[PDB]
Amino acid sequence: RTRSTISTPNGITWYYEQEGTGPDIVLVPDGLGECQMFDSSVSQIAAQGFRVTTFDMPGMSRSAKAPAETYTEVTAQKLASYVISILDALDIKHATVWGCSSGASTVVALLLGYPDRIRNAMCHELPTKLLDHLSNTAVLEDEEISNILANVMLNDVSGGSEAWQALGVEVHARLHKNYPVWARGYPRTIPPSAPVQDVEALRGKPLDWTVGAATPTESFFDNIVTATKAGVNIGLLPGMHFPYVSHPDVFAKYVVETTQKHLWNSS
């Protein structure tokens, strides 16, 4: 596996990883922007004959050398433009993309905005509603935010506490630093940017949508309704918000099978 950095003309110095040869599959992180969450799955996916690329998101973890605009007032459309910039830098012309949460918003924006570049998109648990309890963390002190959100991740949405904790001290130290960046930059502006207001724009698109099997029905109820209205494939993965952490083998199998489905349909 390649582990390196690359700078794009928008001022972001990205940390990225890449493994394998074959059609491109790109794994976009969730809002916490931490790509070591994909470590196990990257190898499993690449071994099936794909070139797999992932990266820390701007302002987060090892991609923290970035202009303030890239991690404040963040929207799906901003993130999509940034992901296109690193795909350009890495000479990735066509890609299958995965994303969860703000990453889900991002990959739908990618598919809609850059259809020539995106083979197909997998979106998971895409936030479309403002949640005051999350937005309100943005005015707390840094260490208060990190303590609160570390707790929320572990206890409310990890979908697997043992796997979450087993990410280990190095990863959780980076996440600890990311929580205030995410809190101040994402929850107030990501949900209104959700690229799902136009159901007819989604119809017929190479989009596969998932929600966590154990996720409380209310959390992404709206995803299931919207996908069904648009005739978009909608299904479940085990766990909750982080299937690539809680169930990396099942996650990898899903990404591989879904990419293979669209490679067939393309031909």
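Numbers follow the displayed sequence, beginning with 1.
Relative to one another, 97-105 and 136-144 have unequal mean CA B-factors, and 136-144 is the one with the higher figure. Once the C-alpha B-factors are averaged per stretch, 82-90 and 121-129 rank with 82-90 first. The PDB entry assigns the greatest CA B-factor among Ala227, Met240, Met37, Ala68 to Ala68. Each of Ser219, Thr53, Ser43, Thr210 has a CA temperature factor in the record; the biggest one is found at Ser43. Annotation for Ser246: CA B-factor lies in the lowest third of the chain's modelled residues. Residue-level temperature factors show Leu111 in the lowest third of its chain, judged at the C-alpha atom. Ranked by Cα temperature factor within the chain, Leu154 sits in the lowest third according to the deposited record. Among the modelled residues of the chain, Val196 sits in the highest third by CA temperature factor in this PDB entry.
Compared with the other modelled residues of the chain, the Cα B-factor recorded for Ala214 ranks in the middle third.
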